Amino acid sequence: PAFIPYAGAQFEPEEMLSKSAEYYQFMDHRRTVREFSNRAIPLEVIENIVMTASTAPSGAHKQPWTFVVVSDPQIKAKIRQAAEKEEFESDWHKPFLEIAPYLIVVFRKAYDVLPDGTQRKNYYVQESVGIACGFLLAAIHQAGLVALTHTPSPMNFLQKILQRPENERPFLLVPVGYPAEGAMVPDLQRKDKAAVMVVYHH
């Protein structure tokens, strides 16, 4: 139950504007990419990126998440086929799950498990893990990499093949890597502030 003074670099309202403005333009350049280069990336980059995600706030500091980093070609092949076969039942074509150097499979912990077997339930897990995934993608973009935020599909396969315990569930599938040379993204337009931001003034 110790305490420490907050060590945070703050800036005058002037420097806060350029910071917030420049950062918005930087993040606005981020786009979901679905065509990856199989170019190699040092694991330490991914480790830092995952670690950067783990710095996110969490309900009661539980940090109820497990980041399963996957570079093994055989596992990625298994996961791909499972994803294609599940989406095939209703593109379903998903070569990016094998071609991307790393699959970051995010799991959410509904509860922690202690040595004595008892279960200490976590709080606001969906929110906490979601925020961490936000930090993940923000870090991926900071590294100069691209990603494909993807549904954790199929959940049961991902659960087994990664051998994660029953307290955990797949939250998000995130292939990561360089973009392909001929990579293209859809000409999408993001909502303007009038459509997303309501303001109650004095």
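One rule holds for the numbers: they count along the sequence shown, beginning at 1.
The stretch of deposited sequence separating residue 74 from residue 75 contains no residues lacking coordinates in this entry. Stretches compared: 51-59, 150-158. Higher mean C-alpha B-factor in the entry: 150-158. The question of which stretch, 78-86 or 121-129, has the higher mean Cα B factor is settled in favour of 78-86.
Ranking 194, 188, 183, 17 by Cα temperature factor from the entry places 17 first. Sorting the modelled residues of the chain by their CA temperature factor places residue 163 in the highest third. For residue 107, the recorded CA temperature factor ranks within the middle third of the chain's modelled residues. For residue 95, the recorded CA B-factor ranks within the middle third of the chain. Only modelled residues enter the ranking.
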